[PDB]
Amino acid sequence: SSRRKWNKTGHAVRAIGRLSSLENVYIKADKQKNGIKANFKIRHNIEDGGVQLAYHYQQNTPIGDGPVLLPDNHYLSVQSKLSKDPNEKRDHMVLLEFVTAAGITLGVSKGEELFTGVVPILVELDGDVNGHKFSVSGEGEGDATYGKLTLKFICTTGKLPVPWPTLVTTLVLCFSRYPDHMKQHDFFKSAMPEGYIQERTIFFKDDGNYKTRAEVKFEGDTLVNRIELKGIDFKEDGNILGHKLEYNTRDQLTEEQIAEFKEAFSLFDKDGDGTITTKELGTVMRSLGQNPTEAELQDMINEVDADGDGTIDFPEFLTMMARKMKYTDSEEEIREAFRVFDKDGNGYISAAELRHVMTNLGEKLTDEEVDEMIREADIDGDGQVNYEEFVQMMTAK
């Protein structure tokens, strides 16, 4: 009962953490190359705690001379699920994926006609990472109508020398659902059938990088992604070549974890109308130190604003807290979070610093309950909460 008094205030923090970060795929026109540029960050969980980041840079250039749609700035959201086929002797990856355009608020080309139904997909990649060659064959299909891909990947050369997740980004964004108001912004479909070239450089923080080059085009009725990948400067024992990444990753919101999110949701949603406004989000951040402009609040809300109505619908909110427990935060992000409470920087959250936050955030919290709270997390016994004591209060299971 003092336990969830953490889970509430902790999720409220990890929510402002999420709204402050850039988890999507940010697309902008590249008129220079009559094509587009994209950039996003990828979170790879490490099987024994922590996260590997992969900072992605992306060029798309069309293959033919056909006029193409060059979009205003928007983004995609991807939701990847990796599983195994249990009949499958070979090194493989079953990939389900949902891909949705958003980030233009409220107020078709020949190409789209080609994606109206279900389309066969074939993927062929030849890889060299630190000189370990491998090859990968995929088949599956894309209902563009829903933003759904289903694909199976086999490593044709035996054992893959890199964790499968690192390849997911590399192994067909022409299957994104664009909403009706955004159809004039789908370059990918516009470029079909002749195709686009998809070039990426992918930096794994504290490790090597991939250079990828991909022909994505129709061959008959089948959409085909052919890829060369070249990895350099990886560490023999680092997270990639040491296969130290989680494959599976946890997709299970216990009944009870959704309810933790609603208790949080309701800290922002002060009027209980089931949506969070710039006004309400401002109110909570101000009572927690930060002091952002109208501009920042709109851009934070627009990071998670599916319907593009300029507010966080209770559902839009759950989606984002689901993400933020699915993928591990970085040490930078946890520190930023700590420093919301550790309002002096000494590396310890005092009884008197928890009060300052709790009672600035608007809760009764008499000097009895405040201490019941501290004691909850205080493993080493010191009457204060240190950074590693904090990371325990901010994890699942």
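One rule holds for the numbers: they count along the sequence shown, beginning at 1.
According to the entry, the deposited sequence has 1 to 3 residues without coordinates between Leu171 and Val172. In this entry, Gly107 is separated from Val108 by 10 or more residues of the deposited sequence that have no coordinates.
Between 255-263 and 237-245, the higher mean Cα B-factor belongs to 255-263. For the pair 27-35 and 368-376, the mean B factor over Cα atoms is greater in 368-376. The PDB entry assigns the greatest CA B-factor among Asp207, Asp305, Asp128, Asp180 to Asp180. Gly111: CA B factor in the highest third of modelled residues in this chain (values from the PDB entry). Sort the modelled residues of the chain by CA B factor and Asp299 lands in the middle third. In the PDB entry, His185 places in the lowest third of its chain by CA B-factor.
Compared with the other modelled residues of the chain, the Cα B-factor recorded for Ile276 ranks in the lowest third. Among the modelled residues of its chain, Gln59 has a C-alpha B-factor that falls in the middle third according to the deposited record.
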